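Position 100 (the sequence shown) corresponds to 106 in the deposited numbering; numbering is contiguous. No residue lacks a Cβ here, since even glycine has one placed at the ideal position from N, Cα and C.
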Amino acid sequence: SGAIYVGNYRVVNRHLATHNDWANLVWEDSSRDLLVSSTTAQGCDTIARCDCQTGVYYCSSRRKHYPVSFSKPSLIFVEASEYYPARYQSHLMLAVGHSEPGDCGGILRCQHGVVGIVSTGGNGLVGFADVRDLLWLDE
Ligand SMILES: COc1ccccc1CC(=O)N1CC[C@@H](CC(N)=O)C1
Ligand SMILES: [Zn+2]
Numbered sequence: 007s008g009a010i011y012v013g014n015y016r017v018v019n020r021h022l023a024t025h026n027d028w029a030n031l032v033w034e035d036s037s038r039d040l041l042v043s044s045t046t047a048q049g050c051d052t053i054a055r056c057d058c059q060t061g062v063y064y065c066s067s068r069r070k071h072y073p074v075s076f077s078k079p080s081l082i083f084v085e086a087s088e089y090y091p092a093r094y095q096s097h098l099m100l101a102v103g104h105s106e107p108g109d110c111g112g113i114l115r116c117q118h119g120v121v122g123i124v125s126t127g128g129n130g131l132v133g134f135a136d137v138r139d140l141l142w143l144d145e
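In structure tokens, the structure reads:
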């Protein structure tokens, strides 16, 4: 679990979005595993606007942060799960690092701010949904 809070927006994994997120829907994209909902309170986070390929992510299954080198956002095949059929997920970045299903939502950050959230993984890999291209999150 986990979310990004920026301005009057909450960014979460689309497969973990609550009834309240869908009732306050701003934008969602199944191909990216993202959903953005509106909030009443002002958010705590800054979004990075950069081309970094190194950063640090939070791994809830270890209660720890780990440094990572990650690929540029791209279209990557993701196996069928209980939430989606087998498909190409877009704007996805992979890295070597530990992850388990419940780690989705953990934030990846570089020196400029929030880069994205954990969305996929397996066998010593961790995949992050990029948010740096969503310029409208800051107005
Ligand atoms: C962090 O996820 C891990 C890690 C290790 C093993 C398995 C998983 C779980 C995983 O890959 N998914 C469950 C939801 C589905 C969402 C999506 N982006 O398509 C993908
Ligand atoms: Zn950066």
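Heavy atom of ligand 1 within 7 Å of residue i beta-carbon
i, result
"residue 117", "no"
"residue 48", "no"
"residue 144", "no"
"residue 151", "An answer regarding residue 151 cannot be provided, because it is not within the stretch 7 to 145 covered by the chain."
"residue 43", "no"
Buried or exposed (CB count within 10 angstroms, at least 16 for buried), residue i
i, result
"residue 126", "buried"
"residue 95", "buried"
"residue 80", "exposed"
"residue 29", "exposed"
Near ligand 2: residue i beta-carbon under 7 Å from a heavy atom
i, result
"residue 58", "yes"
Straight-line Cα distance separating residue j from residue i
i, j, result
"residue 33", "residue 70", "31 Å"
"residue 99", "residue 76", "6 Å"
"residue 87", "residue 123", "18 Å"
"residue 74", "residue 68", "15 Å"
"residue 8", "residue 17", "9 Å"
Near ligand 4: residue i beta-carbon under 7 Å from a heavy atom
i, result
"residue 126", "Ligand 4 is not part of the structure shown, which contains ligand 1 and ligand 2 as its ligands."
Host beta strand (DSSP E) of residue i (start-end)
i, result
"residue 127", "119 to 128"
"residue 75", "70 to 75"
Report the residue ranges of all alpha helix (DSSP H) runs contained in full by the segment 10 to 46; include only those spanning at least 4 residues, in chain order. Every alpha helix (DSSP H) of 4 residues or more that sits fully in the segment 10 to 46 is shown, in chain order, as 25 to 29.
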